[PDB]
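Okay, so here's just one chain, in structure tokens, the form solved without this ligand.
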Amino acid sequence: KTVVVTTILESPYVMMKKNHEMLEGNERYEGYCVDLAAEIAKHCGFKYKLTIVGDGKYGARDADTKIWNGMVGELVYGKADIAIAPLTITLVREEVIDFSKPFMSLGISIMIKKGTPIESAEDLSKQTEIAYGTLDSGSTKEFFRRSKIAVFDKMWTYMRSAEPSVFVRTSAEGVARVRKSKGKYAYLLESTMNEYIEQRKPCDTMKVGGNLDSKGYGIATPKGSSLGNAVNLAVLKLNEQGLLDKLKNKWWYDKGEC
């Protein structure tokens, strides 16, 4: 009756502890989602096993094979009982798995190298010297592609045809590109990651402007799983009790290096 939890190595959600090689089982891991898993399991009265998603992906459907990858695939295909991770609640995912109400909110945001003369999306859109882009797939890119807002439409037209490519293959790549580009690249990404990186050495990036959209991370379970009802109530309780806000502070701010 041990619950198999799928999650992903993404800081500060799930990280290998300092001495992890000398440790076993759930004790190898630390982070926001590790803490959150422990609290959900306590509330629902279950034992569980943390497992890192085999392919290191969140969950997208291949247009050709129709196969779901990532944590969503592990749920869809019966390999895990619950995903506890920074997994964005999207329409296509909601169609195939069940989600709790969100445990954390986020929106698209702008990361700059400190000293970059940019304070908003409008600022980016009106100029050319400072390049800017998104992950080469997912929620952030799709936001721009689809936007009917003039500023964002202008930004998309620019990003889609910019040379060399302004797209990056991973979050770490986007962050590195801001850091290496001497103020000549701004990266559009989730607020949560932006805010986390801002609190980390070498303390050379900053989040600017308001968020461009709004979405949430949810706990996911296989469609119709009986675990879903209980974990959803657990999320609502933990939020109301102030525990979710505490955990955010714990992992983003309390020991911020900046």
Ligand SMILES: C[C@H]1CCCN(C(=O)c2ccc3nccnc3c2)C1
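Numbering starts at 1 and follows the sequence shown.
Higher average CA B factor: 167-175, of the stretches 100-108 and 167-175.
Comparing 225-233 with 209-217, the stretch with the higher mean C-alpha B-factor in the PDB entry is 225-233.
Per the PDB record, 158 has a higher Cα B-factor than any other of 152, 77, 132, 158. The entry assigns its greatest Cα B factor, within the set 195, 35, 204, 64, to 64. Split the chain's modelled residues into thirds by C-alpha temperature factor. Residue 121 is in the middle one. Among all modelled residues in this chain, the alpha-carbon of residue 199 has a temperature factor (C-alpha) in the middle third. Split the chain's modelled residues into thirds by C-alpha temperature factor. Residue 145 is in the highest one.
Per-chain ranking of the deposited C-alpha B factor places residue 239 in the lowest third. In the deposited entry, the Cα temperature factor of residue 9 places it in the middle third of its chain's modelled residues.
One more form of this protein, solved in complex with this ligand, exists but is not displayed; see below.
This chain is drawn without this ligand; in the deposited complex, the residue among 176, 96, 151, 130 with a heavy atom within 4.5 Å of it is 130. This ligand is not drawn, but in the deposited complex it has a heavy atom within 4.5 Å of residue 125. Taking the partner from the other structure, this ligand in the deposited complex has no heavy atom within 4.5 Å of any heavy atom of residue 79. Residues 182, 183, 184 are the members of 178-212 with a non-hydrogen atom no more than 4.5 angstroms from this ligand in the deposited complex.
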